[PDB]
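See structure below.
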Amino acid sequence: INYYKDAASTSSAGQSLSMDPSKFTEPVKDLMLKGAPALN
Amino acid sequence: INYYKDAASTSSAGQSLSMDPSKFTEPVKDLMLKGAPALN
Amino acid sequence: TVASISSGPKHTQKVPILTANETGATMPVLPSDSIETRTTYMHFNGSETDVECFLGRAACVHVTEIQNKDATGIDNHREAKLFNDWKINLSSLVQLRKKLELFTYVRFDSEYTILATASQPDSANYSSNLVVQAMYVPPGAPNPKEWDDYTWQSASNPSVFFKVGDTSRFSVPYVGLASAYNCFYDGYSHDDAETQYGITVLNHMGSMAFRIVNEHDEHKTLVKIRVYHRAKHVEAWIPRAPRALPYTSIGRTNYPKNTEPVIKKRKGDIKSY
Amino acid sequence: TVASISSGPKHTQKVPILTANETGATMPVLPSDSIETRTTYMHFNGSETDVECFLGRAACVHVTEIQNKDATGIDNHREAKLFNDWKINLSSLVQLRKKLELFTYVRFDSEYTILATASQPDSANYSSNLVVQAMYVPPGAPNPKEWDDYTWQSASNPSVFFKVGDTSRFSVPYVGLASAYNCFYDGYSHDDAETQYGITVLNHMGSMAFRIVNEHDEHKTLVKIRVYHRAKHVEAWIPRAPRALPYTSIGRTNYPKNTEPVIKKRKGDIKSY
Amino acid sequence: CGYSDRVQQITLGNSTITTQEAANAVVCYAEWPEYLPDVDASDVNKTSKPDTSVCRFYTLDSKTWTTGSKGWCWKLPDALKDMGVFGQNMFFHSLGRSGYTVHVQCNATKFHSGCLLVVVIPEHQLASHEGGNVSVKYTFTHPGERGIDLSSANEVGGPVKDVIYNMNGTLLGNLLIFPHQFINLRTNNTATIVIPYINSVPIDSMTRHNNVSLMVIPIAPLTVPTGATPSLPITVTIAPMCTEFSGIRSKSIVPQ
Amino acid sequence: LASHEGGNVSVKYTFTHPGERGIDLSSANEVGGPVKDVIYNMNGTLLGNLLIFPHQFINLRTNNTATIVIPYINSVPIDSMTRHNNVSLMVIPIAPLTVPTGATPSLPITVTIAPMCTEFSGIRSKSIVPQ
Amino acid sequence: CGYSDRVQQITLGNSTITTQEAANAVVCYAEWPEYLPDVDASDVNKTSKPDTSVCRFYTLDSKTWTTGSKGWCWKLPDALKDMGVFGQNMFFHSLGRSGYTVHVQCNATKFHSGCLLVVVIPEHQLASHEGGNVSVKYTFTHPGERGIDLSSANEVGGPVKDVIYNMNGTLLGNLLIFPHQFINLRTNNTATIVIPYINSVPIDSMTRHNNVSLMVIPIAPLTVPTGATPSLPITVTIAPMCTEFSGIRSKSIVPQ
Amino acid sequence: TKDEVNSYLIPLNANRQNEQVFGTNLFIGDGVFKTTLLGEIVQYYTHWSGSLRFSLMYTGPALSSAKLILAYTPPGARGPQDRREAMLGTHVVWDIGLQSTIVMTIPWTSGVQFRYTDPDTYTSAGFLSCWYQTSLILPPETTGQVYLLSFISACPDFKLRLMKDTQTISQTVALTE
């Protein structure tokens, strides 16, 4: 329960469970599957 | 939730979303439409 | 909410850019009327531009200084600051007075915070645990004469007891006789060739008399009581021109002689940037 | 959540251990791809590794020292510390500055805690019951000049009154003009051969002017005000390389000459353990 | 379907004004004057409505607009407190209520140049010329049909006449926030402003308290053609409307 | 980038905005140009940590041409393009060039950039830069 | 239902022109400019459309209309080949395609007399002053925003400036066959002519080939009132529209 | 030298071709706008956004004719020193006739979502200038200069936030009756 009206008072959001490390680990145009030759 | 009975204790009303700048910008008797000649 | 609508080239007989200000109307000409604009959104509500927030934030609006000492032998107490009284006026501080004067009529329940701090420049081994009595004085209530007057009972006069450093917090419903405060009163209280102009019943809300009730210690404790005020339930009417010249008095728009220029003169001719 | 899957001997043409880093991709090779692994579970969520917790814990980010004394005869007050002002910057403390610089853009509503402690090294019989006024100064607000300036009214400037030792707690929504703070600004405020690089509108958030409002006691009370900050509603973008060299300035990635090595040299050849 | 927006006619009582180069009339705050409803009345006496007797166009003495004129200021209902039966209904009571339909007149040829600022300033409490804590004396702020000429010399008890500061400490350029109209000699020669009753109370005194103040401030200086008279007459005509009075009383006694 | 004088020195607009010339990290520093210590990435970060950014290695044995599609990265929907450079391209030789015996100890590196999804707003009197 | 045919507003890009005494705009041959359709294209490269960047009103240097002025002539897109990014899109390609919305401006009072002939002559190949078989040199027919002043002295390589013969051997009275408009100081002060792309090909060069030529020829001599300045400024404003370019190329190299 | 009513009167001169009328920056929290209602309201805030409405009204003789071009120069480029440089940006050609007032809306052209109210280089709003399109022609028997009245107003898309204390009013002695 909040005691104030404006959003500056609300508490933190906790944790963002929506993870997606692909944008940083595999920022490649063509799809690369584990095991298959990276270049062919 | 309020902790007191009299209206001097209640909190502010926040924001009055009901706006009407026409009374200050167009306080004219006859209606003036944008684009049409102001005087004719 | 849409901010700017999409508009391409315009070749028509309707000229939204041409008007006549002699009518006194401000045509709501938008950027899409003069140029080619794209679709944009506001993403803004304007909660901080409302009169309730513009005028409804706590701020200092008056201050005084008093002492709590052995008052023996001081015939004139109040004038010696054994207790000081201040006529409630929202026109003694300028940075809030201007915002209040931006309109002609304002209706609000008030919020007050009385800030007192203990101090001893002279030789004093400690700073007492004071208990300040703050008192509201309605018109007619006996304007006290001494720090120990028959008024401090506060049977009808509101009283608030609290220690120095910590502040009182009492709300006041709108105490005006009209539907709002006469921010401008182009009128006299009555018809006399010797009456005061502007300052009338609408202006006088009473006064706040400051003191301490604790019996004296061994030294003078020069107390400076700063008063803070927030406006609540603010409603405004008849917007006016912004204040340009400063003030000299309360409730009067009178200014001094040879006042300084307010417009920032250019460096060069009118064509300079 | 499964941590490691069960995998036995692998004799196939698919070699998950061989790849080409020239593509810039990091193949998510797991332990089951190189050895024989058993079925294991994570038993871990990662709540403390989120940007909201990594950057969202209260910490000291600035500090100053001031005094509250008989200010008579001190023409330059602010520069004599009768009140001190600090430009809000999250880049003056290094242990939080590095965590903030780990990303290029950060959006957050802030939380501030102003820690003042009373003290008297010189002869002083007691430590006053101070009431510190903390004031926010937006760009344009009159940068006060004296401890008793026309600004402390705080009608539009936010003010927070509190005693020394106890702290204020006010929240600030994200006050940037962009969608986040420009942790790195590879750009100038404008096109001039004499403008400052990096430090621009995105950097200046205003400033915090510290003082005490109580009238003076009989001695100098050198107050050191330490400021603490927690980040709220933290969102991060464009992760960057960790900070290696230290700082000398705020908002600038400039470092000193002949800086000390950061890599821990080995004891012996590359073959030592 | 052919008409004109500059040809206007206003008929009140037995008076009728005609114009052919008028600008769109301004209704202050888009609120026409209306009689005080019962839901807001605080006094107990019944109000009298001299509808036709007092609600008519009263022409005030014309002013001379020269190249050096600073402006003119009029107070209401003070400007009409010496006009026929309206003045008597105003004095013989302790209070009054009425709207106003201001009509400024300034005609010229297509060769003259200049612009007048006709603005209504509700509660125009003027500033004194002595400063400090000096007051403005009732004998000056309530001239009557005379008005206040901002180009004359200041007298003890009359407010300051610095037209730049609007006689109250506000800049001239900021008066446009109030309901106003410009009389541009090239486009307009007659201004019209319908003024309702503006006050914080349902009823207030009409002798000691002036609700609104009319000002005619030349913004652009009058530039008459070569060989023409450097003067143009400005005639101000005000017509009360929705008039009310309560408590017929022994005549209100003003100085003089 | 970081300045070569330290303390609180700034980097002058005349250097960070070379044009097609780019910044050669092997040349001598000039008054107003940032430091060219490739190890510290000219900003105080170690070379080994630049891999967090979108990058690609041109390994002469495996790859000879790199391609990186760069979108618009900024905290605002639109920003200046003359005083503000959104991204910076760097070609840092990690492994030293070891040419065979008798070959020229030099290899040409040609950088080709193609704008895409271009937008401009407010056709204005020419932007005036120094020189 | 009340409007006016002389009050017109044309908004293109970020530029806006307003007028209150304009004549019915002339659309050359009742054909508005349109983008080149695929059914007629002969080149293979795709066209770029700087719709907002170049399609805006570019005001050219005003001319001085005296009692002895013969007229002025401008070539397009030559008149705008030094104007911002349009000039660069024109040079850095081998060809270009775009329409034009010409707007001539000449204001005066009701006392002045005179008539200007604003005419668009597609393919206005001018005549040389030496006769025989002499040619006109590229350096003159392509002035730029300067235009061709028909009252000046002839230079080697510039065409003849006999306004009577329209600089091409045709009489002035016969130019009315082309899309034109008269700026009659008593009736009109601003002319507008929407010029589409006129050429025998779907696309042609824009640097060496000027599709249309704008001419302002005073027909009736300027008769100013007694004591007035014997000069009136003529401001020509042209706005490209439906612009197209193909084959971004090394800058087109012109002399100088 | 001192504040006068002529400060709001933009002087115009007849028979002037390709000449500037006036020039001013668009720092609504300083300069000529510092004293206007819009500027006074903006000074109470630190951030501002939206489009501004700039209007000029002609007050000369009715038999006079003149064409003016109001040009808005977005930030990044210097103030226009000539008409050909001013007309390249957002401009509106004003034909003075029966309509005595022009309304040129200054479009919001900025990268950042909000500009600072206090004069700042990074958040500069640009420049505003006016030039003589063809000339100013006065009728016979008329001499002297004619004046324009310039108006400033905010568009319905205007924004303000982050209130702050203004620097247009001062006080050094608490007020008594």
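The way I read the labels, and the way they are meant: chains A, B, ... in the order of the structure tokens, residue 1 as the first residue of every chain, and ligand 1 as the first ligand shown, with later ones counted on from there.
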May I have the residues within 9 Å of residue B:11 as a VMD selection string, using only C-alpha atoms and disregarding those fewer than 4 positions away in the same chain?
(chain B and resid 2 7) or (chain C and resid 232 to 233)
Quick one: write out the picked residues with C-alpha atoms as a PDB file, in the first residue's frame?
ATOM      1  CA  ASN B   2      -8.582  10.608   6.241  1.00  0.00           C
ATOM      2  CA  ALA B   7     -12.630  19.486   5.645  1.00  0.00           C
TER       3      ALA B   7
ATOM      4  CA  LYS C 232      -4.518  24.315   0.127  1.00  0.00           C
ATOM      5  CA  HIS C 233      -7.704  24.109  -1.944  1.00  0.00           C
TER       6      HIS C 233
END
Please identify every residue of chain C that has at least one atom no more than 7 Å from any atom of chain E, counting only C-alpha atoms, and report them as a PyMOL selection string.
chain C and resi 22-24+105+178-180+182+184-188+190-191+193+196-197+239-245+248-249+253-257
Would you export the selected residues with N, CA, C and O atoms as a CSV table (one decimal), in the first residue's frame, please?
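Below you can see part_11.csv, which holds the result:
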chain,number,residue,atom,x,y,z
C,22,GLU,N,-7.0,43.3,-33.4
C,22,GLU,CA,-7.9,44.4,-32.9
C,22,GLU,C,-9.1,43.8,-32.2
C,22,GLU,O,-9.8,44.5,-31.4
C,23,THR,N,-9.5,42.5,-32.6
C,23,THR,CA,-10.6,41.9,-31.9
C,23,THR,C,-10.4,41.4,-30.5
C,23,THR,O,-11.3,41.1,-29.8
C,24,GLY,N,-9.1,41.4,-30.1
C,24,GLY,CA,-8.7,40.9,-28.8
C,24,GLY,C,-8.7,39.4,-28.6
C,24,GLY,O,-8.5,39.0,-27.5
C,105,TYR,N,-8.4,37.1,-7.4
C,105,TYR,CA,-9.2,36.4,-6.4
C,105,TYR,C,-8.6,35.1,-6.2
C,105,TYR,O,-8.4,34.3,-7.1
C,178,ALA,N,-15.6,37.2,1.8
C,178,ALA,CA,-16.0,37.0,0.4
C,178,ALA,C,-15.8,35.5,0.0
C,178,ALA,O,-15.5,34.7,0.8
C,179,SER,N,-16.0,35.3,-1.3
C,179,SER,CA,-15.7,33.9,-1.8
C,179,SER,C,-14.2,33.7,-2.1
C,179,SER,O,-13.9,32.6,-2.5
C,180,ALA,N,-13.4,34.7,-1.9
C,180,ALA,CA,-12.0,34.6,-2.1
C,180,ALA,C,-11.3,35.8,-1.5
C,180,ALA,O,-11.9,36.7,-1.0
C,182,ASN,N,-9.3,39.2,-1.7
C,182,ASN,CA,-9.2,40.3,-2.7
C,182,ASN,C,-7.7,40.6,-2.9
C,182,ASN,O,-7.2,41.5,-2.3
C,184,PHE,N,-6.6,42.1,-5.3
C,184,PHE,CA,-6.7,43.5,-5.7
C,184,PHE,C,-8.0,44.1,-5.3
C,184,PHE,O,-9.1,43.5,-5.6
C,185,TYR,N,-8.0,45.2,-4.5
C,185,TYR,CA,-9.3,45.7,-4.0
C,185,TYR,C,-9.3,47.2,-4.4
C,185,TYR,O,-8.8,48.1,-3.6
C,186,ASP,N,-9.8,47.5,-5.6
C,186,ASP,CA,-9.9,48.8,-6.1
C,186,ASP,C,-11.1,49.5,-5.5
C,186,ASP,O,-12.1,49.8,-6.1
C,187,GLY,N,-11.0,49.6,-4.1
C,187,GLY,CA,-12.1,50.1,-3.3
C,187,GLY,C,-11.7,50.4,-1.9
C,187,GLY,O,-10.7,49.8,-1.5
C,188,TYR,N,-12.4,51.2,-1.2
C,188,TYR,CA,-12.1,51.6,0.1
C,188,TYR,C,-13.1,50.9,1.1
C,188,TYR,O,-14.1,50.3,0.7
C,190,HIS,N,-14.6,52.3,3.5
C,190,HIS,CA,-15.8,53.2,3.7
C,190,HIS,C,-15.5,54.5,3.0
C,190,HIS,O,-14.4,54.7,2.5
C,191,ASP,N,-16.4,55.4,3.0
C,191,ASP,CA,-16.3,56.7,2.3
C,191,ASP,C,-15.9,57.7,3.4
C,191,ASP,O,-16.6,58.3,4.1
C,193,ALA,N,-12.5,60.8,3.7
C,193,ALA,CA,-11.3,61.4,3.1
C,193,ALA,C,-10.0,61.1,3.8
C,193,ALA,O,-9.0,61.7,3.5
C,196,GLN,N,-7.9,54.3,4.9
C,196,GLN,CA,-6.8,53.6,4.1
C,196,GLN,C,-7.4,52.9,3.0
C,196,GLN,O,-8.5,52.3,3.0
C,197,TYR,N,-6.6,52.8,1.9
C,197,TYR,CA,-7.0,52.3,0.6
C,197,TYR,C,-6.5,50.9,0.4
C,197,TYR,O,-5.3,50.6,0.6
C,239,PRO,N,-7.0,36.3,-14.1
C,239,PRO,CA,-5.6,36.4,-14.1
C,239,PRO,C,-5.1,37.8,-14.5
C,239,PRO,O,-5.7,38.5,-15.3
C,240,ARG,N,-4.0,38.3,-13.9
C,240,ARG,CA,-3.5,39.6,-14.0
C,240,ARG,C,-2.1,39.6,-14.6
C,240,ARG,O,-1.5,38.6,-14.8
C,241,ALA,N,-1.6,40.8,-14.8
C,241,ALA,CA,-0.3,41.0,-15.3
C,241,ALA,C,0.8,40.6,-14.3
C,241,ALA,O,0.5,40.9,-13.1
C,242,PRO,N,1.9,40.1,-14.7
C,242,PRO,CA,2.9,39.7,-13.6
C,242,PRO,C,3.5,41.0,-13.0
C,242,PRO,O,3.5,42.1,-13.6
C,243,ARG,N,3.8,40.8,-11.7
C,243,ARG,CA,4.4,41.9,-10.9
C,243,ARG,C,5.8,42.3,-11.6
C,243,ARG,O,6.6,41.5,-11.8
C,244,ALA,N,5.9,43.6,-11.8
C,244,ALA,CA,7.2,44.1,-12.4
C,244,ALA,C,8.0,44.9,-11.4
C,244,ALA,O,9.2,44.6,-11.3
C,245,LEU,N,7.4,45.9,-10.7
C,245,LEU,CA,8.1,46.6,-9.7
C,245,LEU,C,7.9,46.0,-8.3
C,245,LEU,O,6.9,45.3,-8.1
C,248,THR,N,6.8,47.8,-1.1
C,248,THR,CA,7.3,48.5,0.1
C,248,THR,C,6.4,48.2,1.2
C,248,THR,O,6.8,48.4,2.4
C,249,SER,N,5.1,47.8,1.0
C,249,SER,CA,4.1,47.6,2.0
C,249,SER,C,3.3,46.4,1.8
C,249,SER,O,3.6,45.6,0.8
C,253,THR,N,-0.1,48.2,-3.7
C,253,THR,CA,0.8,48.1,-5.0
C,253,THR,C,1.7,49.3,-5.1
C,253,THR,O,2.1,49.6,-6.2
C,254,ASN,N,1.9,50.0,-4.0
C,254,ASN,CA,2.8,51.2,-4.1
C,254,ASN,C,4.2,50.8,-4.2
C,254,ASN,O,4.7,49.9,-3.6
C,255,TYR,N,5.0,51.6,-5.0
C,255,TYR,CA,6.4,51.3,-5.3
C,255,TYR,C,7.2,52.6,-5.0
C,255,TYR,O,6.6,53.6,-4.7
C,256,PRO,N,8.5,52.5,-5.1
C,256,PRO,CA,9.3,53.6,-4.7
C,256,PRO,C,9.6,54.6,-5.9
C,256,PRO,O,9.2,54.4,-7.0
C,257,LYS,N,10.3,55.7,-5.5
C,257,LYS,CA,10.6,56.7,-6.5
C,257,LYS,C,11.9,56.3,-7.3
C,257,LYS,O,12.8,55.7,-6.7
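Nearest residue to residue H:101, choosing from C:50, C:17, C:166, C:206 and counting only C-alpha atoms: C:17.
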Considering only C-alpha atoms, extract the chain B residues located within 12 Å of chain E and return them as a PDB file with C-alpha atoms, in the first residue's frame.
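Now in out.pdb:
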ATOM      1  CA  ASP B  20     -10.940  25.760 -21.038  1.00  0.00           C
ATOM      2  CA  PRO B  21      -8.492  28.414 -22.285  1.00  0.00           C
ATOM      3  CA  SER B  22     -11.152  29.817 -24.636  1.00  0.00           C
ATOM      4  CA  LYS B  23     -12.455  32.205 -21.969  1.00  0.00           C
ATOM      5  CA  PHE B  24      -9.040  33.933 -21.935  1.00  0.00           C
ATOM      6  CA  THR B  25      -7.858  33.431 -25.530  1.00  0.00           C
ATOM      7  CA  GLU B  26     -11.169  33.993 -27.376  1.00  0.00           C
ATOM      8  CA  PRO B  27     -13.457  36.093 -25.118  1.00  0.00           C
ATOM      9  CA  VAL B  28     -15.267  37.406 -28.206  1.00  0.00           C
ATOM     10  CA  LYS B  29     -18.994  37.754 -28.803  1.00  0.00           C
ATOM     11  CA  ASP B  30     -19.043  36.421 -32.369  1.00  0.00           C
ATOM     12  CA  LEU B  31     -17.384  33.095 -33.130  1.00  0.00           C
ATOM     13  CA  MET B  32     -14.022  33.298 -34.917  1.00  0.00           C
ATOM     14  CA  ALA B  36     -11.518  32.574 -41.856  1.00  0.00           C
ATOM     15  CA  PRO B  37     -11.182  36.377 -42.046  1.00  0.00           C
ATOM     16  CA  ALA B  38     -11.265  37.844 -38.549  1.00  0.00           C
ATOM     17  CA  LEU B  39     -13.086  40.905 -39.914  1.00  0.00           C
ATOM     18  CA  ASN B  40     -15.300  40.975 -42.998  1.00  0.00           C
TER      19      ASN B  40
END
Which residues, written as a PyMOL selection string, have at least one atom at most 9 Å from residue G:53, with only C-alpha atoms counted and residues fewer than 6 positions away on the same chain left out?
(chain F and resi 120-123) or (chain G and resi 13+85-86)
File dump, residues just selected, N, CA and C atoms, as a CSV table (one decimal), in the first residue's frame:
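The file below, part-v6.csv, is the result:
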chain,number,residue,atom,x,y,z
F,120,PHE,N,16.3,14.4,-41.5
F,120,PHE,CA,16.8,15.7,-41.2
F,120,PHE,C,15.6,16.6,-41.0
F,121,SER,N,15.7,17.6,-40.1
F,121,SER,CA,14.6,18.5,-39.7
F,121,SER,C,15.0,19.9,-39.6
F,122,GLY,N,14.4,20.8,-40.2
F,122,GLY,CA,14.7,22.2,-40.1
F,122,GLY,C,15.7,22.8,-41.0
F,123,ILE,N,15.5,22.7,-42.3
F,123,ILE,CA,16.5,23.2,-43.2
F,123,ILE,C,16.9,24.6,-42.8
G,13,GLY,N,6.5,23.0,-47.1
G,13,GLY,CA,7.6,22.7,-46.2
G,13,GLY,C,7.5,23.6,-44.9
G,85,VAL,N,20.5,23.1,-50.4
G,85,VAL,CA,20.7,21.7,-50.8
G,85,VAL,C,20.1,21.4,-52.2
G,86,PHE,N,19.2,22.3,-52.7
G,86,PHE,CA,18.7,22.1,-54.0
G,86,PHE,C,19.8,22.2,-55.0
Would you mind reading off the distance between atom CA of residue E:65 and atom CA of residue H:65, one decimal, in Å?
25.1 Å
Close residues, residue C:225 itself excluded, 10 Å, only C-alpha atoms, min 2 positions apart in chain, as a list in words
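Once the nearby chain positions are removed, what remains is residues 62, 63, 64, 65, 66, 84, 114, 115, 116, 117, 118, 164, 165, 210, 211, 222, 223, 227 and 228 of chain C; 213, 214 and 215 of chain D.
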Based on the selection just made, write C-alpha atoms of those residues as a short mmCIF file (atom, residue, chain, number, x, y, z; two decimals), in the first residue's frame.
data_model
loop_
_atom_site.label_atom_id
_atom_site.label_comp_id
_atom_site.auth_asym_id
_atom_site.auth_seq_id
_atom_site.Cartn_x
_atom_site.Cartn_y
_atom_site.Cartn_z
CA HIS C 62 6.93 35.76 7.80
CA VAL C 63 9.55 35.77 10.57
CA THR C 64 10.29 37.47 13.89
CA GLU C 65 12.68 37.35 16.83
CA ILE C 66 11.94 37.07 20.56
CA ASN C 84 5.83 39.38 19.50
CA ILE C 114 6.15 27.84 12.76
CA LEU C 115 9.92 27.29 12.84
CA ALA C 116 11.74 28.32 16.03
CA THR C 117 15.42 27.60 16.72
CA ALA C 118 17.24 27.91 20.04
CA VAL C 164 11.61 24.89 19.80
CA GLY C 165 13.06 23.40 16.63
CA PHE C 210 4.69 34.24 19.53
CA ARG C 211 6.11 33.47 22.98
CA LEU C 222 17.19 35.22 21.42
CA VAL C 223 14.68 33.12 19.47
CA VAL C 227 6.84 31.07 9.69
CA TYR C 228 6.14 28.79 6.73
CA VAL D 213 18.50 28.94 9.82
CA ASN D 214 18.88 29.22 13.60
CA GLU D 215 20.42 32.44 14.85
#
Just the residues within 12 Å of residue F:98, please, counting only C-alpha atoms, with nothing from its chain fewer than 6 positions along; format it as a count of residues only.
6
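Within chain B, DSSP applied to the backbone places the following residues in helix (DSSP H, G or I): residues 22, 23, 24 and 25 of chain B.
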Taking only C-alpha atoms into account, report as a PyMOL selection string which residues of chain G lie within 12 Å of chain F.
chain G and resi 13-15+50-58+83-86
Take the residues that were just selected and, keeping N, CA and C atoms, output them as a PDB file, in the first residue's frame.
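Result went into result.pdb, see below:
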ATOM      1  N   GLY G  13       6.546  23.027 -47.111  1.00  0.00           N
ATOM      2  CA  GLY G  13       7.625  22.729 -46.186  1.00  0.00           C
ATOM      3  C   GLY G  13       7.513  23.585 -44.941  1.00  0.00           C
ATOM      4  N   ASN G  14       8.557  24.368 -44.669  1.00  0.00           N
ATOM      5  CA  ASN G  14       8.601  25.251 -43.512  1.00  0.00           C
ATOM      6  C   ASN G  14       8.407  26.715 -43.885  1.00  0.00           C
ATOM      7  N   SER G  15       8.088  27.004 -45.144  1.00  0.00           N
ATOM      8  CA  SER G  15       7.882  28.364 -45.618  1.00  0.00           C
ATOM      9  C   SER G  15       6.399  28.610 -45.856  1.00  0.00           C
ATOM     10  N   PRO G  50      13.943  14.571 -52.261  1.00  0.00           N
ATOM     11  CA  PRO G  50      14.087  15.477 -51.114  1.00  0.00           C
ATOM     12  C   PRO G  50      12.853  16.351 -50.936  1.00  0.00           C
ATOM     13  N   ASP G  51      11.720  15.723 -50.635  1.00  0.00           N
ATOM     14  CA  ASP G  51      10.403  16.377 -50.611  1.00  0.00           C
ATOM     15  C   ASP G  51      10.492  17.640 -49.756  1.00  0.00           C
ATOM     16  N   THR G  52      10.828  17.547 -48.468  1.00  0.00           N
ATOM     17  CA  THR G  52      10.708  18.709 -47.592  1.00  0.00           C
ATOM     18  C   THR G  52      11.944  19.600 -47.643  1.00  0.00           C
ATOM     19  N   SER G  53      13.111  19.033 -47.954  1.00  0.00           N
ATOM     20  CA  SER G  53      14.347  19.804 -47.854  1.00  0.00           C
ATOM     21  C   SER G  53      14.428  20.881 -48.931  1.00  0.00           C
ATOM     22  N   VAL G  54      13.980  20.574 -50.148  1.00  0.00           N
ATOM     23  CA  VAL G  54      14.142  21.484 -51.274  1.00  0.00           C
ATOM     24  C   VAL G  54      12.837  22.146 -51.703  1.00  0.00           C
ATOM     25  N   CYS G  55      11.682  21.559 -51.399  1.00  0.00           N
ATOM     26  CA  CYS G  55      10.400  22.124 -51.819  1.00  0.00           C
ATOM     27  C   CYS G  55       9.936  23.161 -50.798  1.00  0.00           C
ATOM     28  N   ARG G  56      10.555  24.337 -50.883  1.00  0.00           N
ATOM     29  CA  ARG G  56      10.208  25.454 -50.018  1.00  0.00           C
ATOM     30  C   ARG G  56      10.419  26.750 -50.784  1.00  0.00           C
ATOM     31  N   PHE G  57       9.768  27.808 -50.310  1.00  0.00           N
ATOM     32  CA  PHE G  57       9.840  29.110 -50.961  1.00  0.00           C
ATOM     33  C   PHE G  57      11.217  29.725 -50.740  1.00  0.00           C
ATOM     34  N   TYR G  58      11.964  29.907 -51.826  1.00  0.00           N
ATOM     35  CA  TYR G  58      13.261  30.570 -51.795  1.00  0.00           C
ATOM     36  C   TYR G  58      13.105  31.973 -52.368  1.00  0.00           C
ATOM     37  N   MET G  83      21.086  27.685 -54.263  1.00  0.00           N
ATOM     38  CA  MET G  83      20.220  27.846 -53.096  1.00  0.00           C
ATOM     39  C   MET G  83      20.239  26.560 -52.275  1.00  0.00           C
ATOM     40  N   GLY G  84      21.047  26.551 -51.220  1.00  0.00           N
ATOM     41  CA  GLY G  84      20.996  25.467 -50.252  1.00  0.00           C
ATOM     42  C   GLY G  84      21.234  24.107 -50.873  1.00  0.00           C
ATOM     43  N   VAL G  85      20.492  23.111 -50.382  1.00  0.00           N
ATOM     44  CA  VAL G  85      20.713  21.727 -50.792  1.00  0.00           C
ATOM     45  C   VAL G  85      20.133  21.431 -52.170  1.00  0.00           C
ATOM     46  N   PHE G  86      19.213  22.263 -52.662  1.00  0.00           N
ATOM     47  CA  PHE G  86      18.694  22.071 -54.012  1.00  0.00           C
ATOM     48  C   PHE G  86      19.811  22.186 -55.040  1.00  0.00           C
TER      49      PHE G  86
END
How far is it from atom CA of residue G:98 to atom CA of residue G:43, in Å with one decimal?
16.1 Å
What does the distance from atom CA of residue F:81 to atom CA of residue H:73 come to in Å, to one decimal?
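Separation of atom CA of residue F:81 and atom CA of residue H:73: 16.9 Å.
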Give me, as an MDAnalysis selection string, all polymer residues having an atom no more than 12 Å from residue H:33, counting only C-alpha atoms and skipping those fewer than 2 positions away in the same chain.
(chainID C and resid 262:265) or (chainID E and resid 173:174) or (chainID H and resid 8 24:31 35:43 52 54 117:119 150:153)
Residues near residue H:22, cut-off 9 Å, only C-alpha atoms, skip fewer than 4 positions along chain, as a PyMOL selection string:
(chain C and resi 269-272) or (chain H and resi 10-11+128-131)
Suppose we keep C-alpha atoms; can you now write the selection as an mmCIF file, in the first residue's frame?
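Output saved as again-v3.cif:
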data_model
loop_
_atom_site.group_PDB
_atom_site.id
_atom_site.type_symbol
_atom_site.label_atom_id
_atom_site.label_comp_id
_atom_site.auth_asym_id
_atom_site.auth_seq_id
_atom_site.Cartn_x
_atom_site.Cartn_y
_atom_site.Cartn_z
ATOM 1 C CA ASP C 269 20.788 48.184 -32.079
ATOM 2 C CA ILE C 270 17.494 46.290 -32.414
ATOM 3 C CA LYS C 271 19.052 44.090 -35.118
ATOM 4 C CA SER C 272 21.548 42.422 -32.764
ATOM 5 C CA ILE H 10 9.255 48.311 -33.781
ATOM 6 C CA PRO H 11 10.287 51.279 -35.980
ATOM 7 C CA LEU H 128 13.979 35.244 -34.740
ATOM 8 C CA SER H 129 14.270 38.053 -37.284
ATOM 9 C CA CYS H 130 12.168 40.060 -39.729
ATOM 10 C CA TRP H 131 13.170 41.577 -43.066
#
